[PDB]
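Undergrad: Can you read through this structure? Questions will come right after.
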Amino acid sequence: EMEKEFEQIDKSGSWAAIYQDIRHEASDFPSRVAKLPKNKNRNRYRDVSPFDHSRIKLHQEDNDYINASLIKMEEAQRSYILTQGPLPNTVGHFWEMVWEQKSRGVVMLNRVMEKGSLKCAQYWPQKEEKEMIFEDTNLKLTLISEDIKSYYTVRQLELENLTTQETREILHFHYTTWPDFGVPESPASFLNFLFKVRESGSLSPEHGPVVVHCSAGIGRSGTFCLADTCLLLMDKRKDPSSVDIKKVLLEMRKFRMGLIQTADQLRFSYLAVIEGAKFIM
């Protein structure tokens, strides 16, 4: 059981070592499309690339590339798209991907500015009466409503395909309180956020996969998916303590490199799952 494993790693302070074994065991697959010169300005970080086998393809004949990966967790019946915070020049691509994949939810785990630098373009409207048009992808986005709370904001958005005049409602889940350095002290507010996303229906198989991003789409984004999938496996399995976080992380890392960036984020993931298991058992 993971609780005893937690105490062991913690009491021995072995987190940096566990994390290094995961680094060394992690899959490595080609990422040739990401490294093409014509795609250089579609990547925020030169060291964070989608694998060719799991990359999301835009349905535009010119350039189908976006920095986004499909993570398919077969046993849990959960899919996620992990992507980078959009760039000024990829906001239109981001919303085209949301449209083409039939996603119902966008989960954002960063602020637009952290540590006095821009981590992300402002890719959604700030006011009802000031909608955004993406000329390159023929989409209109309108803020319908905004519900600001202590730890997170939920926004209802309407996305319109200007080519077909179809509209969809998108839910924007913005966790606003992840600290600039390190990880939250308690996982309580993160778990509350995760249960709110679940309650919306955004993670349900009647929709396209949820879009999850932070700045790089690997660290905080990784913690979100790892906790959701681990808790879902503990519901599904005859023996809940058969669930090995480290194995689940390595399965997820087949689909996108670098998920969970620090030993701190690994420890936090354990803590989130261990605590979330109490509300589930």
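Heads up, residue numbers simply count up from 1 along the chain you see.
Positions of Cβ are set from backbone N, Cα and C atoms, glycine also.
The feature phosphotyrosine is assigned by Swiss-Prot to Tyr19, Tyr65. What Swiss-Prot records for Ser49, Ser241, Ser242 is phosphoserine, and it gives experimental evidence as the kind of evidence. What Swiss-Prot records for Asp180, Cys214, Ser215, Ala216, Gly217, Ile218, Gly219, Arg220, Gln261 is substrate binding site. Taken from Swiss-Prot, the feature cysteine sulfenic acid (-SOH) applies to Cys214. Annotation source Swiss-Prot lists S-nitrosocysteine at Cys214. What Swiss-Prot records for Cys214 is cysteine persulfide, and it gives experimental evidence as the kind of evidence. Residues or ranges marked as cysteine sulfinic acid (-SO2H) in Swiss-Prot: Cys214. As annotated by Swiss-Prot, active site, phosphocysteine intermediate applies to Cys214.
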Undergrad: Could you measure the widest C-alpha to C-alpha distance across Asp180, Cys214, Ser215, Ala216, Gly217, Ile218, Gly219, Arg220, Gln261, the residues recorded as binding substrate, and give it to a whole number of angstrom?
TA: 16
Undergrad: Report, in whole Å, the straight Cα-to-Cα distance of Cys214 (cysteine sulfenic acid (-SOH)) from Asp180 (substrate binding site).
TA: 12
Undergrad: When the Cα of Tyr65 (phosphotyrosine) is compared with the Cα of each of the binding-site residues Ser215, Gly217, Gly219, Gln261, which one is closest?
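TA: Ranked by Cα distance from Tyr65 (phosphotyrosine), first place goes to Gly217.
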Undergrad: Could you say whether, by DSSP, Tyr19 (phosphotyrosine) belongs to a helix, a strand or a coil region?
TA: helix
Undergrad: Just to verify a number: CA distance, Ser49 (phosphoserine) to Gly217 (substrate binding site), in angstrom, no decimals.
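TA: Rounded to the nearest whole number, the Cα-Cα distance is 10 Å.
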Undergrad: List only the single closest residue to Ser215 (substrate binding site), chosen from the modified residues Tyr19, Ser241, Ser242 by CA-CA distance.
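TA: If we rank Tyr19, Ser241, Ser242 by Cα distance to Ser215 (substrate binding site), first place goes to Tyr19.
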Undergrad: At the Cα level, what's the spacing in Å between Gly217 (substrate binding site) and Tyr19 (phosphotyrosine), rounded?
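TA: The separation of the Cα atoms works out to 18 Å.
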Undergrad: Using all protein chains shown, find which of the binding-site residues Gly217, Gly219 scores highest when you count other CB atoms within 10 A of its CB.
TA: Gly217
Undergrad: Which three-state DSSP class does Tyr65 (phosphotyrosine) fall into?
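TA: Looking at the DSSP assignment, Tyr65 (phosphotyrosine) belongs to a strand.
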